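Residue numbers (the authors' numbering), protein chains in the order written: chain F, 2 to 161; chain S, 269 to 339; chain Y, 14 to 55; chain D, 13 to 58; chain A, 147 to 161, 193 to 291.
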């Protein structure tokens, strides 16, 4: 599949024509750039030490996201019958890739707690790990089924 | 036949779990927006970046625009 | 600097003054206990 | 920068103090419950 | 001790923080700014020398352009990476007292011992 491709810029460092022009009316329209975003801040933020700890844990979070992406792109596609879930069917946070990447509404109470995210990030990471574990269980079931496949019928067709 | 069904029905649940993982990745990107905001700005979460999969030319133009905060 | 003044005695003052709230809780507890004791004695 | 760190330190100190005060109030409620129990015991003895 | 009046003023102008006292060679200017962006975050202040004289290594008298510097750490979590950055600098690094007079006295005592 596709790895992470999000840009990095705070509110005070918008690259558009105006500070609020990042969402729309930016020069990216002239270049046909598909960039889109919508603010969704948390209830509160941690201290400087908490910020540094979150930055350190972001590496592990990205590694887990990459592992989940690799599992989803490999196990489903290799079966030649599981890749039928399109972007709308596999919509992120209930919105397709057109709208999922244009907003951060996934920060609601489902994976995080809509609260200081120092531990909410870890909780969401644990939830994603559980989802990936379920996907791995499904992949193991598919492997056992393939073991059931290529059964005694794989031998000769008789008189051999 | 059971293996084919699992690749079509159980693996349909696997594809649903893949969509859930995509939702989790969207949440991770939302968290990373605030992480970058804290890293390169004040503590409260506030970001004006964007997330997409653009071409090389578009990314180069975005980098040229944002060179005021280059890495 | 400003951060040093923020992490200065400004917060430790409230940390120590929490003992005042604890003392107020103890005082109200004693008052309630004394009132109940007076009522039951009466 | 430093002002944001100032707010976080004050907010953490304020929340900790409020939690400590609530815990002290709960401890006081338990203390008055114990005092009422022992007062009942001594009244029964009398 | 020089930073006790320079780095302190820089931090006051830019404003709990850690002490990043130590050293950073004349070639460590890029690593102090281009690198360690996650930890410093641009809100910290630092005072550094240009290695005006060849500073002897902590275990070698051959010396080099090992300028010494003192900075502010953005908490212990960021100080963990700041210590690694200072170790990567590999100059004549040694912590000193916060007070300018005490730091100068320590420098004089170390020079006399040397």
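Quick reminder that beta carbons are idealized off the backbone N, C-alpha and C, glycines included.
Per DSSP, which residues does residue 319 of chain S bridge with? Please list them.
F/7 and F/37, per the DSSP bridge assignment.
Whole-angstrom Cβ separation of residue 107 of chain F and residue 291 of chain S, contact assumed at under 8 Å?
Sure, about 6 Å apart at Cβ, within 8 Å.
Return the residues of the segment 17-48 of chain D that lie within a Cβ-Cβ distance of less than 9 Å from chain F, sorted by chain order.
Those residues of the segment 17-48 of chain D that come within reach of chain F (Cβ to Cβ, closer than 9 Å) are 17, 20, 21, 23 and 24.
Return the residues of the segment 308-321 of chain S that lie within a Cβ-Cβ distance of less than 8 Å from chain D, sorted by chain order.
Correct list: 310, 311 and 312.
Going by DSSP, which residues form a beta bridge with residue 250 of chain A?
Answer is A/195, bridged to residue 250 of chain A.
So, for residue 153 of chain A: in the same chain, excluding its five sequence neighbours on each side, which residues have a beta-carbon less than 8 Å away from its beta-carbon?
Here the set comprises 222, 223, 224, 247, 248 and 249.
Is there a C-beta anywhere in chain D that falls below 7 Å from the one on residue 161 of chain A?
Judged by the 7 Å Cβ criterion, residue 161 of chain A is in contact with chain D.
Can you check the segment 198-222 of chain A for any alpha helix (DSSP H) of at least 4 residues that lies completely inside it and give the ranges in chain order?
Segments of the alpha helix (DSSP H) lying fully in the segment 198-222 of chain A: 206-210 and 214-217.
Does residue 27 of chain Y get closer than 7 Å to chain A when you measure Cβ to Cβ?
It does not; no Cβ of chain A falls within 7 Å.
Assign residue 184 of chain F to one of two classes, buried (16 or more other C-beta atoms within 10 Å of its C-beta) or exposed (fewer than that).
No statement about residue 184 of chain F is possible, as the shown extent of chain F runs from 2 to 161 and does not include it.
What three-state label does DSSP hand residue 53 of chain D in the structure shown?
It is helical.
Are three or more beta carbon pairs between the segment 15-34 of chain F and the segment 85-93 of chain F nearer than 8 Å?
No, the segment 15-34 of chain F does not touch the segment 85-93 of chain F.
With DSSP as the reference, label residue 264 of chain A as helix, strand or coil.
Of the three classes helix, strand and coil, the one that applies to residue 264 of chain A here is helix, per DSSP.
Please say whether residue 228 of chain A and residue 242 of chain A have beta carbons closer to each other than 7 Å?
Contact flag set, yes.
With a threshold of 16 other CB atoms inside 10 Å of the CB of residue 38 of chain F, please say whether the residue is buried or exposed.
Its Cβ being crowded by 16 or more others within 10 Å, residue 38 of chain F is buried.
Could you give the distance in angstroms between the alpha-carbon of residue 105 of chain F and the alpha-carbon of residue 130 of chain F?
Between residue 105 of chain F and residue 130 of chain F, the C-alpha separation is close to 20 Å.
Here's a check: name, in chain order, each residue in its chain whose Cβ is nearer than 8 Å to the Cβ of residue 27 of chain Y, leaving out the five neighbours to either side.
So the list is empty, once near-sequence residues are dropped.
Around the Cβ of residue 153 of chain F, are there at least 16 other Cβ atoms within 10 angstroms (buried) or fewer (exposed)?
Looking at its Cβ environment, which holds fewer than 16 other Cβ atoms inside 10 Å, residue 153 of chain F is exposed.
When the Cα atoms are used, what is the spatial distance from residue 155 of chain F to residue 60 of chain F?
Taking the straight line from one Cα to the other gives about 46 Å.
Are there three or more Cβ pairs, one per stretch, closer than 8 Å when the segment 291-300 of chain S is compared with the segment 55-71 of chain F?
Yes, the segment 291-300 of chain S is in contact with the segment 55-71 of chain F.
Measuring CB atoms only, is the segment 32-52 of chain Y touching the segment 41-49 of chain D, in the sense that at least three cross pairs come out at less than 8 Å?
Enough Cβ pairs lie closer than 8 Å, so yes.
Please determine, among S/337, S/327 and S/321, the residue with the shortest C-alpha to C-alpha distance to residue 101 of chain F.
Closest by alpha carbon: S/321.
State yes or no: is the C-beta of residue 335 of chain S within less than 7 Å of the C-beta of residue 9 of chain F?
Not closer than 7 Å, so no.
May I have the straight-line CA-CA distance separating residue 157 of chain F from residue 81 of chain F, to the nearest angstrom?
The straight-line gap from Cα to Cα measures roughly 26 Å.
Can the beta-carbon of residue 226 of chain A be found closer than 7 Å to that of residue 244 of chain A?
Yes, these two residues count as a Cβ contact at 7 Å.
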